[PDB]
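**Q** let me start by giving you these chains from the complex, positioned as in the assembled structure:
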Amino acid sequence: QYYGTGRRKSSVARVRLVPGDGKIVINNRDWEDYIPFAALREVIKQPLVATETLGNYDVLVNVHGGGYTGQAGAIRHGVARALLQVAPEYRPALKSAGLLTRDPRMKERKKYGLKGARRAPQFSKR
């Protein structure tokens, strides 16, 4: 229950939320290991810190795809969409921090005549 499938870059994160103690499960693996950076760890709890429910629910995460930071962003959007399903009363609170928005930034495409997205080969006058 409480399905809040969220996305970031190339990552898709399906999150089912249940009341509990606060344990986070990612692909049948402890979340201390999957996310090594404590800096990447705080952003996971932003939807859980605007509303005081951090030590009340357990998240079961089955993410697939994207880089290690990619799942961190996609799991933040994952819980917020699922948490908003728990009670619509949280919408003004989460909207203030811009947590419902799905980030639209994606890596560009390479262009012919260019060495990347916008890099231009060195110009020589003469």
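**A** Okay, I see it. Residues are numbered from 1 along each chain as shown, chains lettered A, B, ... in the order given.

**Q** may I have the lengthiest helix in chain A as CSV, with CA atoms only?
**A** Across chain A, the longest stretch assigned as helix under DSSP state H is helix A:68-86. The C-alpha atoms that make up helix A:68-86 are tabulated as CSV, following Å, rounded to 0.1, in the frame of the first residue of the first chain:
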residue,chain,number,x,y,z
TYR,A,68,23.8,5.9,-6.9
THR,A,69,22.8,9.5,-6.5
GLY,A,70,20.0,8.9,-9.0
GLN,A,71,18.3,6.5,-6.7
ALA,A,72,18.7,8.9,-3.8
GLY,A,73,16.8,11.6,-5.7
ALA,A,74,14.2,9.2,-7.1
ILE,A,75,13.6,7.7,-3.6
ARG,A,76,13.0,11.2,-2.2
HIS,A,77,10.3,11.7,-4.8
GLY,A,78,9.1,8.1,-4.1
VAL,A,79,8.2,8.6,-0.5
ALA,A,80,6.7,12.0,-1.0
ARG,A,81,4.2,10.8,-3.6
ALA,A,82,3.4,7.8,-1.3
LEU,A,83,3.2,10.0,1.8
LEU,A,84,0.9,12.4,0.1
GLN,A,85,-1.4,9.4,-0.5
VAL,A,86,-1.4,8.7,3.2
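
**Q** kindly incorporate the sequence below as chain B:
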Amino acid sequence: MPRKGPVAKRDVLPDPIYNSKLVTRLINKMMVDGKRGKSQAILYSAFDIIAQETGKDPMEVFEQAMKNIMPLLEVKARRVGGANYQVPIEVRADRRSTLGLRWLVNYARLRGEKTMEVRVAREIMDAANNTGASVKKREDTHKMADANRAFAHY
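**A** With chain B added, the chains above now look like this:
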């Protein structure tokens, strides 16, 4: 000739452990080639030396280190007919902090010790005691700007 003028500015996220804005803006300044782990880790461990060597507060001492090297005046040269005159001018609030971190890290690389870990931590100690290269350069900016006080507004 073109361009509309003012533009938006980037946001900063509050880092864990040492919740601050200068710390987050300092991590991104000394990062190279988008390696957050390398640059972030040396800063977090550097604060340990700040506590062990002279333990006052890792959050503090770093503070007045910044407020001792941030310049108050600035020079923005302009070319007049015949000769170029270095015009003194104030420094905005945003560039106040930017010119501090850049001066801190440019001279932290030139300190000349074994690791960047020690070099950055030691440099802020000297700044917190009104000493070092970072403090030295700000005085050069002030001395030059106050030497040309004549055509400040004129």
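
**Q** got the buried residues for the longest helix of chain A?
**A** Neighbour counts using 16 or more other C-beta atoms under 10 Å in any protein chain shown place A:69-84, A:86 of helix A:68-86 among the buried residues. (C-beta placed from N, C-alpha, C; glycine too.)

**Q** just how off-centre is the helix or strand just after it within its chain?
**A** Next in sequence after helix A:68-86, counting helices and strands by DSSP states H and E, comes helix A:91-96. Distance of helix A:91-96 from the chain centroid (C-alpha atoms, centre = their mean, to the nearest Å) equals 17 Å.

**Q** how far does stretch A:104-120 sit from the chain's center?
**A** Here stretch A:104-120 is found 25 Å from its chain centre; the criterion is C-alpha atoms, centre = their mean.

**Q** show me where the chain has helices.
**A** Since no chain was named, I'll use chain A. Counting by DSSP H, the helices of chain A are A:31-34, A:39-42, A:46-50, A:68-86, A:91-96.

**Q** my question was about chain B, not that one.
**A** B:22-29, B:36-53, B:62-69, B:93-109, B:116-128, B:133-147.

**Q** while you're at it, add chain C from this line:
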Amino acid sequence: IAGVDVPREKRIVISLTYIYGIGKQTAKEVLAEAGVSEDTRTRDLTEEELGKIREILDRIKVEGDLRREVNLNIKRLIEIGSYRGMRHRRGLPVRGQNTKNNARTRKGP
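**A** So that you can see how it sits with the rest, here is chain C on the chains above:
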């Protein structure tokens, strides 16, 4: 010491590579047949340890004997008339790489 002076402050795995004809990988076997740990300072090995290494290193080729053999091979090609002889005798790149640009490491400055 072991054919020629080797550094003292350095390590035996690293110090051995200071003699012509030995390298990093080969220093693994001569330190294995000698039955002595890799992480040992040079100014710590006893005579019994140093004796086995000199006995082991005797079987492998070393400086001088190897220095003269390679030069002898180079000489053999100079007057036989092989193509590589003119490259060796004129200093131009010997193997299959071009010469219009970038041959300075062999031609010189």
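
**Q** the buried residues of helix A:68-86 again please, this time with chain C.
**A** A:69-84, A:86.

**Q** C-alpha coordinates for stretch A:6-15, CSV please?
**A** Output in CSV follows, covering the C-alpha atoms of stretch A:6-15 (Å, rounded to 0.1, in the frame of the first residue of the first chain):
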residue,chain,number,x,y,z
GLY,A,6,9.0,8.4,-8.3
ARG,A,7,11.7,9.1,-10.9
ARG,A,8,15.0,11.0,-11.2
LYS,A,9,17.3,11.1,-14.2
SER,A,10,17.3,7.6,-15.5
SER,A,11,16.1,6.0,-12.2
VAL,A,12,12.7,4.7,-11.3
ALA,A,13,11.8,4.0,-7.6
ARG,A,14,8.7,2.1,-6.6
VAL,A,15,8.0,2.6,-2.9
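
**Q** could you say what helices and strands the longest helix of chain A packs with?
**A** Helix A:68-86 is packed against strand A:6-8, strand A:11-13, strand A:15-19, helix A:39-42, helix A:46-50, strand A:57-61, helix A:91-96, with contacts defined by 3 or more C-beta pairs under 8 Å, 6 or more residues apart in numbering or on different chains; DSSP states H and E.
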